[PDB]
Amino acid sequence: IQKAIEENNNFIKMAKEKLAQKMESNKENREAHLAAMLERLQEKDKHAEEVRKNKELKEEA
Amino acid sequence: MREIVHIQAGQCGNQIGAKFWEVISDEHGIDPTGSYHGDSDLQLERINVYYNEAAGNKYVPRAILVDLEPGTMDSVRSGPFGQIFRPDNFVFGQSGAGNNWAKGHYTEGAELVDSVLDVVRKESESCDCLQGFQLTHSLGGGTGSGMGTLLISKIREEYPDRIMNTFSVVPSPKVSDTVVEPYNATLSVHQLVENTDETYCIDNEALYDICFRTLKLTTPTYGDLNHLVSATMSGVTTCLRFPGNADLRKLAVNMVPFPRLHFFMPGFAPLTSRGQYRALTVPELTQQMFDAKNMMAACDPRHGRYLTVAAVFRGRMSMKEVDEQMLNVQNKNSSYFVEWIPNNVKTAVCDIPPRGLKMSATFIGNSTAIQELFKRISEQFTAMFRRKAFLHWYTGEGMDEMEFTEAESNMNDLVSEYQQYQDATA
Ligand SMILES: COc1cc(OC)c(-c2coc3c4c(ccc3c2=O)OC(C)(C)C=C4)cc1OC
Ligand SMILES: Nc1nc2c(ncn2[C@@H]2O[C@H](COP(=O)(O)OP(=O)(O)O)[C@@H](O)[C@H]2O)c(=O)[nH]1
Ligand SMILES: [Ca+2]
Ligand SMILES: [Ca+2]
Ligand SMILES: [Mg+2]
């Protein structure tokens with residue numbers, strides 16, 4: 001009976017832990033994919049600033 | 001006063017147990033309220049072997065009713081003689097055992113066993129001279145098999161110098177509830193080898209063949225099988241319940257020459273269906289009782305040898321004719337009795353017959369042919385165990401393959417020990 005208790009408990013434990021590891025790595029992965037997308041969009045915003053600036057300077061002609 | 005304490009465990013245990021109490025209650029004149037209304041005092045001289053006396057001229061079975069499920073015990077309390085039983089002697093869980101020996105023996109039954117032993121103690125304490133215990137149970141389920149054999153181990157620990165005998169129903173695929181019965185039966189049999197003095201082996205395969213082939217019942221029910229069981233149980237206990245000077249130990253001494261070989265073949269004559277105008281003749285009782293067709297263990301007595309035999313004849317008849325016919329049947333079967341146990345065939349006559357028959361006879365055979373029953377179980381066990389089939393139901397309750405391997409080996413040693421004495425000569 002002690003072995004039965006121990007195996008049910010170990011099963012509960014490893015299931016709790018496996019899901020926790022998976023929920024965490026999914027949260028990190030999804031966040032990194034969103035962060036990468038936003039960083040790329042942000043790099044667009046600088047390039048747009050650099051184009052408007054480049055026009056400030058062709059107007060200084 | 002040599003009292004017996006009766007325990008019935010599980011579905012099969014309680015169903016056949018209740019029929020037993022119905023049948024002998026009628027024989028002793030006790031009615032469904034425990035009031036005596038008989039016509040002879042032969043009925044009351046040994047009433048106390050199985051019944052307690054309560055004030056008000058009531059007689060209460062010395063019976064303890066056990067199950068892990070309440071269902072089959074609600075039906076007992078419902079049934080014809082349900083009110084007779086002492087209400088505190090109903091000991092029940094709720095979980096059920098799922099036809100799982102491991103649940104009855106190790107997890108669900110362990111939870112309930114101490115409660116059962118409290119009632120056993122409280123019945124034994126009130127016994128002038130406790131003669132021993134009898135258990136009714138099947139070996140194929142989980143409660144009667146697993147928790148029944150746990151009870152027997154506990155009872156031995158607390159009453160090690162007391163006789164422990166059993167009526168044990170063996171599984172058969174012909175009358176089958178689950179595929180795991182050979183597992184449950186094989187585990188139980190090893191327990192019984194160690195911790196019972198006498199086990200009456202009630203083979204559901206024989207009860208089926210009997211009903212189907214001789215009684216011509218095309219669809220036998222549990223009710224038809226138990227009609228035969230109850231007739232036999234009334235039979236073997238006849239000489240404990242009526243005057244004639246052997247307690248359980250004395251019967252064990254003269255029936256069991258080697259301690260592990262205590263598994264008996266029951267038999268009965270006449271075989272009847274529920275619902276007998278022609279009384280049988282002493283010659284007919286005798287030969288039917290020795291014929292394979294009346295054997296309630298599906299073993300062929302001609303495939304082994306009788307170590308000991310007992311026969312109980314019931315009804316008003318000639319003891320001279322009984323002696324003659326018994327000594328007759330031994331000579332056409334003379335090869336099938338070991339010659340190194342002199343006079344190993346013994347007989348009793350009781351002049352009170354069972355209800356509904358004026359002549360009847362009950363057979364108790366300690367034959368080495370019983371090994372056919374254990375070989376059959378062992379072959380069904382191995383067929384699944386070689387693929388570890390269905391074991392997860394058992395490992396899930398804490399059991400290990402090794403305990404199955406030991407049960408298998410212990411079972412095959414028992415078969416080899418029988419084969420040793422079947423070839424032994426003088
Ligand atoms: C646990 O179940 C039991 C099973 C039994 O037998 C199958 C007997 C059992 C009865 O009657 C006997 C008789 C006998 C020899 C042995 C027995 C015997 O052993 O020889 C003569 C003298 C002819 C009388 C009957 C008891 C049990 O205890 C309650
Ligand atoms: N003769 C007989 N056998 C039974 C009966 N009930 C169940 N069995 C057999 O016993 C085995 C299971 O035992 P059962 O009593 O059903 O479960 P338990 O309550 O755990 O003992 C099965 O293989 C059945 O064939 C009964 O009423 N009479
Ligand atoms: Ca519980
Ligand atoms: Ca206790
Ligand atoms: Mg059942």
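The basis for the numbers below is simple: all heavy atoms, side chains too, and nothing from hydrogens, waters or symmetry mates. Every chain is numbered from 1, with letters handed out A, B, ... down the list of sequences.
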**Q** Does a donor on one side chain and an acceptor on the other come within less than 3.5 Å for B:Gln131 and B:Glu3?
**A**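 Looking only at side-chain atoms, B:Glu3 and B:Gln131 do not form any donor-acceptor pair under 3.5 Å.
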**Q** If only atom types and distance count, is the side chain of B:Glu158 paired as donor or acceptor with the main-chain N or O of B:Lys154 below 3.5 Å?
**A**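 No; judged by distance alone, with no hydrogens or angles, the pair does not exist.
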**Q** Do the two ring centres, one from B:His28 and one from B:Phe242, sit under 6.0 Å apart?
**A**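 They qualify: ring centres under 6.0 Å apart.
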**Q** Please tell me whether B:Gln134 and B:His6 have a donor and an acceptor in their side chains that are separated by less than 3.5 angstrom.
**A**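 Checked: B:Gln134/B:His6 side chains pair up, N/O donor to acceptor below 3.5 Å.
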**Q** Would you say the ring centers of B:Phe337 and B:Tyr306 fall short of 6.0 Å from each other?
**A**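 Yes: the rings meet the under 6.0 Å criterion.
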**Q** Compare every heavy atom of B:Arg274 with every heavy atom of B:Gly223, then report the nearest pair and how far apart it is.
**A**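 Closest pair (atom of B:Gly223, atom of B:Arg274, distance): C-NH2, 3.4 Å.
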**Q** Ring centres under 6.0 Å, that's the criterion: do B:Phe20 and B:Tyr50 meet it?
**A**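 Between B:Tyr50 and B:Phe20, which both carry aromatic rings, the centre distance is below 6.0 Å.
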**Q** Counting N and O atoms only, with roles assigned by atom type, does the side chain of B:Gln288 sit under 3.5 Å from a partner on the main chain of B:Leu285, one being a donor and the other an acceptor?
**A**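 Looks like no, no N/O pair under 3.5 Å.
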**Q** With sequence neighbours left out, write down each residue that passes side chain to side chain contact (heavy atoms under 4.5 Å, CB included) with B:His190, or none if nothing qualifies.
**A**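 Partners of B:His190 under the side chain to side chain contact (heavy atoms under 4.5 Å, CB included) test: B:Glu194, B:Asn410.
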**Q** Is the backbone N or O of B:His303 less than 3.5 Å from a side-chain atom of B:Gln422, with the two atoms forming a donor-acceptor pair by type?
**A**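 Answer holds: yes.
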**Q** Report yes or no: does B:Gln380 contribute a side-chain atom to a donor-acceptor pair with the main-chain N or O of B:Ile377 at less than 3.5 Å?
**A**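 Absent.
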**Q** Taking all heavy atoms of B:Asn89 and all of B:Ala63, pick out the closest pair and write down the distance.
**A**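 Looking at all heavy atoms of both residues, the closest pair is ND2-O, 2.9 Å.
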**Q** For B:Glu205 and B:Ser172, which heavy atoms make the closest approach, and how far apart are they?
**A**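 Here B:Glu205 and B:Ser172 meet closest at OE1-OG, 2.5 Å.
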**Q** Is the closest basic N to carboxylate O distance between B:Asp300 and B:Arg302 below 4.0 Å?
**A**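 Between B:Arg302 and B:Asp300 there is no salt bridge, as every charged N stays at least 4.0 Å from the carboxylate O atoms.
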**Q** Only distances under 3.5 Å count here; give the side-chain donor-acceptor pairs of residues 137-144 of chain B to other protein atoms, sequence neighbours excluded, each with its distance to 0.1 Å.
**A**
unit_1	atom_1	unit_2	atom_2	d
B:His137	ND1	B:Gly144	O	2.8
B:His137	NE2	B:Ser168	OG	3.0

**Q** Can you confirm if the aromatic rings of B:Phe363 and B:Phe268 lie within a centre distance of less than 6.0 Å?
**A**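 Not under 6.0 Å, so no.
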**Q** Can you list the steps and then say if B:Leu151 with B:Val116 is a side-chain contact (heavy atoms from CB on, under 4.5 Å)?
**A** CA-CA 8 Å; B:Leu151 270 166; B:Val116 177; 3.4 Å; yes
**Q** For the residue pair B:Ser234 and B:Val23, what are the closest heavy atoms and their distance?
**A**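 So the minimum-distance heavy-atom pair works out to CB-CG1, 3.8 Å.
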**Q** Give, for atom CG of B:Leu207 and atom CG of B:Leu228, the distance between the pair rounded to the nearest 0.5 Å.
**A**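 One finds 6.0 Å between CG of B:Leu207 and CG of B:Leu228.
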**Q** So, B:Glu284 and B:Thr281: side-chain donor and acceptor under 3.5 Å apart, yes or no?
**A**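 Their side chains do contain a donor-acceptor pair, which is all the 3.5 Å distance test asks for.
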**Q** Please tell me whether B:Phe381 and B:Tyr183 form a close aromatic pair, meaning their ring centres lie under 6.0 Å apart.
**A**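 That pair passes the under 6.0 Å test.
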**Q** Could you label the plane-to-plane angle of the B:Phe85 and B:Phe90 rings as parallel, tilted or perpendicular, counting under 30° as parallel and over 60° as perpendicular?
**A**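 Because their plane-to-plane angle is over 60°, the rings of B:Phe85 and B:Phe90 count as perpendicular.
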**Q** Would the B:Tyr200 and B:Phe263 ring centres measure less than 6.0 Å apart?
**A**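 No, they do not, as the ring centres are separated by 6.0 Å or more.
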**Q** Quick one: do B:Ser25 and B:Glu22 satisfy side-chain hydrogen bond (donor to acceptor under 3.5 Å, both in side chains)? Show the steps, please.
**A** CA-CA 5 Å; B:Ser25 280; B:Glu22 289 177 15; over 6 Å; no
**Q** Salt bridge (charged side-chain N to carboxylate O under 4.0 Å, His left out) with B:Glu53: which residues, sequence neighbours excluded?
**A**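 Checked B:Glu53 against salt bridge (charged side-chain N to carboxylate O under 4.0 Å, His left out); zero matches.
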**Q** Please determine whether a side-chain nitrogen of the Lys or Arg among B:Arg2 and B:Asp128 lies less than 4.0 Å from a carboxylate oxygen of the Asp or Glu.
**A**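 No, B:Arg2 and B:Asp128 are not salt-bridged.
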**Q** First locate atom CD1 of B:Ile364, then atom CE of B:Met255, and finally report the distance between them rounded to the nearest 0.5 Å.
**A**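 Separation between the atoms: 5.5 Å.
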**Q** What heavy-atom pair brings B:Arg260 and B:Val193 nearest, and what distance separates the two atoms?
**A**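 Scanning both residues completely, I find the closest heavy atoms to be NE-CG1, 3.5 Å.
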